[PDB]
Amino acid sequence: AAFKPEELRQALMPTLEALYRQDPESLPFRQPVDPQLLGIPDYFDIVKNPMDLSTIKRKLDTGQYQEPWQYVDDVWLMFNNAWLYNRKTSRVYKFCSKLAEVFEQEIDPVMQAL
């Protein structure tokens, strides 16, 4: 199957909106991690491929995902980065787990329908 770009964007966008609109759980994930402003110079040593919701949005809007699995892989990359870097009981980690629960519920019907 070849996906048309605007059709792929339209099918996947609601799932990205569901993540971004969680308050407060989306807040640590709406912008790229800035280790300088956060005072965490070790961050890029641990997280070699950063990802966040704003970057996923830009990629979804600009034809960077040719197949749905590429979008799904970036969402999981964002989650796995947070689960590697942060303590289990931290706010970031707990919020990440909430987003992952939302994403599982939203992505599965959409992937069924393609």
Side-chain angles (χ1 to χ4, degrees):
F3 293 82
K4 291 189 149 292
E6 83 287 4
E7 293 181 346
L8 223 201
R9 175 180 187 251
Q10 285 289 120
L12 299 173
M13 188 65 71
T15 73
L16 181 56
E17 290 166 344
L19 301 186
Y20 198 94
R21 294 171 189 177
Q22 300 302 309
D23 181 352
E25 296 92 343
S26 77
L27 297 173
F29 306 101
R30 286 184 176 179
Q31 58 288 130
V33 177
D34 182 327
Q36 301 299 313
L37 180 149
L38 290 171
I40 52 174
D42 68 351
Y43 187 73
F44 291 145
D45 293 340
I46 304 301
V47 175
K48 308 180 175 319
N49 293 298
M51 191 49 59
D52 74 282
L53 301 169
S54 74
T55 299
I56 297 173
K57 178 55 163 46
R58 181 174 252 102
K59 285 182 73 167
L60 195 55
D61 287 343
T62 60
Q64 301 294 315
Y65 301 128
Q66 311 128 41
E67 310 205 330
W69 64 262
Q70 295 172 313
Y71 165 78
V72 173
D73 284 355
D74 267 355
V75 172
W76 286 98
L77 174 61
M78 182 182 90
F79 298 152
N80 291 325
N81 289 342
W83 285 326
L84 179 68
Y85 183 78
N86 297 279
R87 277 174 51 156
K88 266 201 175 180
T89 57
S90 72
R91 176 174 175 267
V92 173
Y93 188 113
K94 291 181 158 81
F95 283 14
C96 181
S97 295
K98 171 58 173 180
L99 298 187
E101 195 187 64
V102 174
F103 189 67
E104 290 175 309
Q105 298 177 9
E106 301 290 316
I107 199 63
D108 288 316
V110 175
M111 294 294 279
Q112 292 283 4
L114 270 65

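This chain uses plain numbering: 1 for the first residue, then up along the sequence. Computed from heavy atoms alone, side chains included, the values below leave out hydrogens, waters and symmetry copies.
- Nearest heavy-atom pair, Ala11 versus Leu114, reported as atom, atom and distance to 0.1 Å: CB-O, 4.3 Å.
- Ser26 contributes atom OG, which lies 8.5 Å from atom CD of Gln31 (distance to the nearest 0.5 angstrom).
- Looking only at side-chain heavy atoms (C-beta outward), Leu99 and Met78 come within less than 4.5 Å of each other.
- Within a 6.0 Å sphere centred on CD of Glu6, other residues, nucleotides and ligands contribute more than 12 heavy atoms.
- Both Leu38 and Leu84 sit in one connected hydrophobic cluster of ILVMFWY residues. Membership requires side-chain heavy atoms under 4.5 Å apart, directly or through other members.
- Using modelled atom types, no side-chain atom of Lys98 and backbone atom of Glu25 make a donor-acceptor pair closer than 3.5 Å.
- There is no path of hydrophobic side-chain contacts, each under 4.5 Å, that joins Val92 to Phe44.
- Distance CD1/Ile56 to CG/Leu12: 11.0 Å, rounded to 0.5 Å.
- Put simply, the side chain of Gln70 gets close to the backbone of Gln66: a donor and an acceptor are under 3.5 Å apart.
- Between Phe103 and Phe79, the ring planes are perpendicular. Angles over 60° get that label, and only those under 30° would be called parallel.
- For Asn81 (side chain) and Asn49 (main-chain N/O), a donor-acceptor pair under 3.5 Å exists by modelled atom type.
- The closest side-chain donor-acceptor pair between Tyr71 and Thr15 falls under 3.5 angstrom.
- Using a 4.5 Å cut-off between side-chain heavy atoms of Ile, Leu, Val, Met, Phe, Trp and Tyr, with links allowed through other members, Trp76 and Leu53 fall into the same hydrophobic cluster.
- Figure legend: cation-pi geometry between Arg87 and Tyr93 absent, as NZ or CZ is not positioned both under 6.0 Å from the six-membered ring centre and within 45° of its axis.
- The shortest distance between side-chain heavy atoms of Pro32 and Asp34 does not fall below 4.5 Å.
- The shortest side-chain heavy-atom distance between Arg91 and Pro28 falls under the 4.5 Å cut-off.
- In this structure, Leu8 and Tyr65 approach most closely via the heavy-atom pair CD1-O, 3.2 Å.
- Of all heavy-atom pairs between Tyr20 and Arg30, the closest is O-NH2, 2.9 Å.
- Taking each heavy atom of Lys57 and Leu16 in turn, the nearest pair found is CA-CD2, 3.6 Å.
- To the nearest 0.5 angstrom, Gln22 atom CD is 9.5 Å from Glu101 atom CD.
- Using a 4.5 Å heavy-atom cutoff, the side chains of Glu106 and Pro14 are not in contact.
- Following chains of ILVMFWY side-chain contacts shorter than 4.5 Å, one cannot reach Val47 starting from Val75, and the two form parts of different hydrophobic clusters.
- Rounded to the nearest 0.5 angstrom, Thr55 OG1 and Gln64 CD are separated by 11.5 Å.
- Looking at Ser90, its side chain never comes within 3.5 Å of a backbone N or O of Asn86 through a donor-acceptor pair.
- Under the 4.5 Å side-chain heavy-atom criterion for grouping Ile, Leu, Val, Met, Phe, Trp and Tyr, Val72 is connected to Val110 within one hydrophobic cluster.
- Between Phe95 and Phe29, the distance separating the two ring centers is not shorter than 6.0 angstrom.
- For the residue pair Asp45 and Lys48, the shortest heavy atom distance occurs at O-NZ, 3.7 Å.
- Of the N and O atoms on the side chains of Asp42 and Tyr85, at least one donor lies less than 3.5 Å from an acceptor on the other residue.
- The shortest distance between side-chain heavy atoms of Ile40 and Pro35 falls below 4.5 Å.
- A salt bridge links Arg9 and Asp61; the closest N-O separation between the charged side-chain nitrogens and carboxylate oxygens is under 4.0 Å.
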